[PDB]
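Asker:
There are 2 protein chains.
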Amino acid sequence: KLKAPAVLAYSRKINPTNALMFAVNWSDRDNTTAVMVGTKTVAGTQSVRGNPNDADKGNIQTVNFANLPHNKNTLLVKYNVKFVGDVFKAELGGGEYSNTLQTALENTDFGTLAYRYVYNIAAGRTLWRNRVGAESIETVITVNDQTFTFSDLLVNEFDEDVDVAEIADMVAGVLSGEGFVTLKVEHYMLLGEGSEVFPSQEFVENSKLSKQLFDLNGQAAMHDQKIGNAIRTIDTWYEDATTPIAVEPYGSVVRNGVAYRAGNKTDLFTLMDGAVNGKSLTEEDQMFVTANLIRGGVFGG
Amino acid sequence: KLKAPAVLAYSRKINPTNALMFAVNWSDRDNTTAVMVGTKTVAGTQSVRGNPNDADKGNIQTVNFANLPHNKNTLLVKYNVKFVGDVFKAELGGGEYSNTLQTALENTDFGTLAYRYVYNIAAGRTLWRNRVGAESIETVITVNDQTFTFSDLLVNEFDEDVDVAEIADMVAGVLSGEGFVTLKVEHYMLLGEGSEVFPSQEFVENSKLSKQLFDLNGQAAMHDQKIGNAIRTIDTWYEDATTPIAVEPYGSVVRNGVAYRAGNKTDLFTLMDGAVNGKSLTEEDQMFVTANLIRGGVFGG
RNA sequence: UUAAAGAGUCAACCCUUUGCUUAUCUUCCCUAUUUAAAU
């Protein structure tokens, strides 16, 4: 039956870095200034479901903030992304299962996956809720001593483009067996003077602060996993629910509380076992299996 | 019964900026000068109720003051207000309850909420206790390269006006779903020569200073919560108590110690449960549910 | 209530010897977000 080995895992083939935020002007984007974090204390009422009696009591909280300087009206977010090859190479286990999985795969078209991966960056999906309130977002991508500038709208409903396709074919060739390529990504906004920026939060136990933000040497930054999550939001190949989601086994959104691709014969493990055991798959299923194999994880139990 | 989910929260759709104050002249409002704070020491008596034996002793305090310079006679306070649509969309949970609430809503008119939000800024209600002492108040409101000047009195008893409608119509157009609109607000006052100003305070524990003031780089300013709270004081929609209060689940004023809209079959959570379960609400109830929904917070448990 | 009765006392060298020891891959993966006037 060629069952999967008890220990089986894959590495991460898309490596992002921690994004850095700077405050620049629209016409003076050469000189950059860092953004501090700080800490403030606020007061408010107690509006909790189930306790009408204590609605007249106060509430004191300590939080962290992040905003642009009042003399600057442009936010610049810069980071680096690395795409590496050598896909279908298990790090733990695999002497027959991995080879059969590779033979069943690699007939798929990496062009669509590569185009969507680059489009998620160029259109401006990698940057989170900071998007709102901006009248102009400019994306600058540097690779192989060749710069590209994008002002593309319509973050959803991936459309056709000429500049994105040029990087797409470059990424597609690297994905199906090559060395590595790198992309330097910069995002420019037009939020305004004194506007609020939303860096990444983190899990913290009980302390003196109720909301503390992530920072490096006191400068507001964003986690690399958050940047990576927005890149792989290309799972459009299921029955309904447009505005797609990230590619994960049992493709689920914890924030919404729903779990698509449940136990109804559409699973990563079901398709993986089916691919090696005789019958092949369709194009969309191959697109999901390859995209989920580019992402890492442990596949065994 | 379609009970609320465990996690359910909505973001804030109105974004105020930290208002900054400058000292200018009545007919020379072109050039502006910053206002400092400094530190002073004061002396007085001890007035404590219930302790008459120690009323003959002194009292020394160290505080912060802020007054406009002796060469100016007017204060200009400026900020920005951003309105963002995409209401009736919960970022924390909600696939059926949120959708049912969205379906039950938009049967009423956003025009009243849009008119009131603009009128609160226009009348000068955003200006705090420092209103007194000035015989003339001016407001300059700028949006889409179109400036308007306001000198309207009677902040209470919302009346009809012509220029307010030309902004309220667009605000009603942004509230029921589209992108962002940013407005710039400036206020001119006539306190006089050497009059003391009243910037925002902070919550601080025991230290050498008994009362300090919020300032950015040595310049007195106001918290964004102070700016945003005065705008939403539109709740003229219950049994009594004219001169309304701000919208809040179990709307209470900790300053007065009384809790309006208490457990008397009029609660925001009760209206949310009732609207989705068959029988709808009245126009005023919808105008309160929507007003509380525009404001952020978490509703669940 | 097998009731009634009764001095165990004295004295002491445990000494001597010792090699524990050789080899080693912990790997893969990840959205913490949602607000509020200083008493």
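Line order of the protein sequences matches chains D and C.
Numbering-wise, the first sequence is residues 3 to 303 according to the deposited numbering.
Numbering-wise, the second sequence is residues 3 to 303 according to the deposited numbering.
Virtual Cβ for every residue (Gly too), placed ideally from N, Cα, C.
Does the beta-carbon distance from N61 of chain D to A45 of chain D come in below 8 Å?
Answerer: Within the first sequence, numbered from 1, the residue matching residue 61 of chain D stands at position 59. Within the first sequence, numbered from 1, the residue matching residue 45 of chain D stands at position 43. Taking 8 Å as the Cβ cut-off, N61 of chain D and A45 of chain D qualify as a contacting pair.
Asker: Does the stretch 6–14 of chain D touch the stretch 178–188 of chain D, meaning 3 or more C-beta pairs lie closer than 8 Å?
Answerer: no
Asker: Taking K80 of chain C as part of the beta strand (DSSP E), name the residues at either end of that continuous run.
Answerer: Counting from one through the second sequence, the residue named residue 80 of chain C turns up at place 78. Note, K80 of chain C: beta strand (DSSP E), 76–86.
Asker: Which residues in chain C have a C-beta closer than 9 Å to the C-beta of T43 of chain D? List them in chain order.
Answerer: Taking the first residue of the first sequence as position 1, residue 43 of chain D is located at position 41. Simply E204, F205, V206.
Asker: Indicate the three-state DSSP secondary structure (helix, strand or coil) for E168 of chain C in the structure shown.
Answerer: Numbered from its first residue, the second sequence carries residue 168 of chain C at position 166. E168 of chain C: helix per DSSP, three-state reduction.
Asker: Could you pull the start and end residues of the alpha helix (DSSP H) that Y119 of chain C belongs to?
Answerer: Here residue 119 of chain C refers to the residue found at position 117 when the second sequence is read from its first residue. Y119 of chain C -> alpha helix (DSSP H) spans 113–125.
Asker: To which residues does DSSP link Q288 of chain C through a beta bridge?
Answerer: Here residue 288 of chain C refers to the residue found at position 286 of the second sequence. DSSP lists no partner for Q288 of chain C.
Asker: Using a C-beta to C-beta distance shorter than 8 Å, which residues of chain D count as neighbours of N17 of chain C?
Answerer: The residue you call residue 17 of chain C lines up with position 15 of the second sequence. Those within 8 Å of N17 of chain C in chain D are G135, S197, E198.
Asker: Run down chain D in chain order and give the residues with a C-beta less than 7 Å from the C-beta of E250 of chain C.
Answerer: Numbered from its first residue, the second sequence carries residue 250 of chain C at position 248. Going along chain D in sequence order, the residues near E250 of chain C (Cβ under 7 Å) are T47, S49.
Asker: Can you tell me which residues form a DSSP beta bridge with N61 of chain C?
Answerer: Looking up residue 61 of chain C in the second sequence gives position 59. Paired residue(s): C:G46.
Asker: Apart from the five residues on each side of it in sequence, which residues of its chain come closer than 7 Å, Cβ to Cβ, to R263 of chain C?
Answerer: Residue 263 of chain C sits at position 261 when you count from the first residue of the second sequence. Correct list, in chain order: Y240, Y252, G253, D269.
Asker: For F182 of chain D, report the span of its beta strand (DSSP E) as first-last.
Answerer: As a working mapping, residue 182 of chain D is identified with position 180 in the first sequence. Unbroken beta strand (DSSP E) run through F182 of chain D: 182–190.
Asker: Since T105 of chain C is in the alpha helix (DSSP H), which residue starts that stretch and which ends it?
Answerer: The residue given as residue 105 of chain C occupies position 103 in the second sequence. Looking at the DSSP string, the run of the alpha helix (DSSP H) that includes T105 of chain C is 99–106.
Asker: Residue 305 of chain D CB to nearest chain C CB: under 8 Å?
Answerer: Any property of residue 305 of chain D remains undetermined from this structure, which presents chain D solely from 3 to 303.
Asker: Going by other Cβ atoms of all chains shown within 10 Å of its Cβ, with 16 needed for buried, is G135 of chain D buried or exposed?
Answerer: Within the first sequence, numbered from 1, the residue matching residue 135 of chain D stands at position 133. In this structure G135 of chain D is buried. Its beta-carbon is surrounded by 16 or more other beta-carbon atoms within 10 angstroms.
Asker: Can you tell me whether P54 of chain C is buried or exposed? The criterion is at least 16 other CB atoms within 10 Å of its CB, across all chains shown.
Answerer: As a working note, residue 54 of chain C is residue 52 in the second sequence. Its Cβ having fewer than 16 others within 10 Å, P54 of chain C is exposed.
Asker: Report all residues from its chain with a CB closer than 8 Å to the CB of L215 of chain C; omit the five preceding and five following residues, and keep chain order.
Answerer: Sequence index remark: in the second sequence, residue 215 of chain C carries index 213 (1-based). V39, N66, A68, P201, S202, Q203, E204, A222.
Asker: Give a yes or no on whether 8 Å exceeds the smallest Cβ distance from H189 of chain D to chain C.
Answerer: Counting from one through the first sequence, the residue named residue 189 of chain D turns up at place 187. It does not; no Cβ of chain C falls within 8 Å.
Asker: Exposed or buried, what is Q148 of chain D when buried is set at 16 or more other beta-carbons lying within 10 Å of its beta-carbon?
Answerer: Position 146 of the first sequence, counted from the start, is the residue given in the question as residue 148 of chain D. Exposed: under 16 other Cβ atoms inside 10 Å.
Asker: Skipping 5 residues on each side, what residues in its chain have a beta carbon closer than 6 Å to that of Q104 of chain C?
Answerer: Residue 104 of chain C sits at position 102 when you count from the first residue of the second sequence. Closer than 6 Å at Cβ, skipping near neighbours: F90.
Asker: Taking C-beta to C-beta, are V173 of chain C and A232 of chain C nearer than 8 Å?
Answerer: Stepping through the second sequence from its first residue, residue 173 of chain C is reached at position 171. Stepping through the second sequence from its first residue, residue 232 of chain C is reached at position 230. No, they are not a contact pair.
Asker: Grab me the residues of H72 of chain C's own chain with a C-beta within less than 8 Å of its C-beta, minus the 5 sequence neighbours each way, in chain order.
Answerer: Locating residue 72 of chain C in the second sequence gives position 70, counting from the first residue. Within the same chain, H72 of chain C has close Cβ partners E195, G196.
Asker: What did DSSP end up calling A11 of chain D once you bin it into helix, strand or coil?
Answerer: As a working note, residue 11 of chain D is residue 9 in the first sequence. In this structure, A11 of chain D counts as strand in the three-state DSSP scheme.
Asker: Give, in chain order, every residue of the stretch 254–277 of chain D whose Cβ lies closer than 9 Å to some Cβ of chain C.
Answerer: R257, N258, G259, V260
Asker: Should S49 of chain D be labelled buried (16 or more other beta-carbon atoms within 10 Å of its own) or exposed?
Answerer: As a working mapping, residue 49 of chain D is identified with position 47 in the first sequence. Buried, by the Cβ-count rule.
Asker: Check the Cβ of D154 of chain D against every Cβ in chain C and list those closer than 8 Å, keeping chain order.
Answerer: Here residue 154 of chain D is taken as the residue at index 152 of the first sequence, counted from 1. Ordered by position in chain C, no residue passes the 8 Å Cβ test against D154 of chain D, which lies about 16 Å from the chain.
Asker: Does any CB atom of chain D fall closer than 8 Å to the CB of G97 of chain C?
Answerer: In the second sequence, residue 97 of chain C corresponds to position 95, counting from 1. Chain D places a beta carbon closer than 8 Å to that of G97 of chain C, counting this residue as a contact.
Asker: Hey, does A57 of chain D have any beta-carbon neighbour from chain C nearer than 8 Å?
Answerer: Reading the first sequence from its first residue, position 55 is the one you call residue 57 of chain D. Interface residue (Cβ-Cβ distance to chain C less than 8 Å): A57 of chain D is classified as such.
Asker: May I have the straight-line CA-CA distance separating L10 of chain C from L107 of chain C, to the nearest angstrom?
Answerer: Against the second sequence, residue 10 of chain C aligns to sequence position 8. Against the second sequence, residue 107 of chain C aligns to sequence position 105. Straight-line spacing of the CA atoms in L10 of chain C and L107 of chain C works out to 18 Å.
Asker: Only counting the same chain, and skipping five residues up and downstream in sequence, which positions put a Cβ closer than 6 Å to that of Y81 of chain D?
Answerer: The residue labelled residue 81 of chain D in the question sits at position 79 within the first sequence. Once the five neighbours on either side are set aside, the close Cβ partners of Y81 of chain D are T19, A21, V187.
Asker: Would you mind telling me which residues of chain C sit closer than 9 Å to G60 of chain D, beta carbon to beta carbon, in chain order?
Answerer: As a working note, residue 60 of chain D is residue 58 in the first sequence. What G60 of chain D touches in chain C: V256.
Asker: With 16 as the cutoff for other CB atoms within 10 Å, does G126 of chain C come out buried or exposed?
Answerer: As a working mapping, residue 126 of chain C is identified with position 124 in the second sequence. Per the 10 Å Cβ criterion, buried.
Asker: Assuming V256 of chain C and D58 of chain D form a contact by the criterion Cβ under 8 Å, report the distance between their Cβ atoms to the nearest whole angstrom.
Answerer: Within the second sequence, numbered from 1, the residue matching residue 256 of chain C stands at position 254. Within the first sequence, numbered from 1, the residue matching residue 58 of chain D stands at position 56. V256 of chain C to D58 of chain D, Cβ: 6 Å. Contact.
Asker: Between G52 of chain D and chain C, is the shortest Cβ-Cβ distance under 8 Å, so that the two count as touching?
Answerer: Position 50 of the first sequence holds residue 52 of chain D. Output row for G52 of chain D: interface = yes.
Asker: Run through DSSP, which three-state label would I296 of chain C get?
Answerer: Position 294 of the second sequence, counted from the first residue, corresponds to residue 296 of chain C. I296 of chain C: helix per DSSP, three-state reduction.
Asker: Quick one: using the 10 Å Cβ neighbour count with 16 as the cut-off for buried, is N294 of chain C buried or exposed?
Answerer: Start at 1 with the first residue of the second sequence, and residue 294 of chain C comes out as number 292. By the 10 Å Cβ count, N294 of chain C comes out buried.
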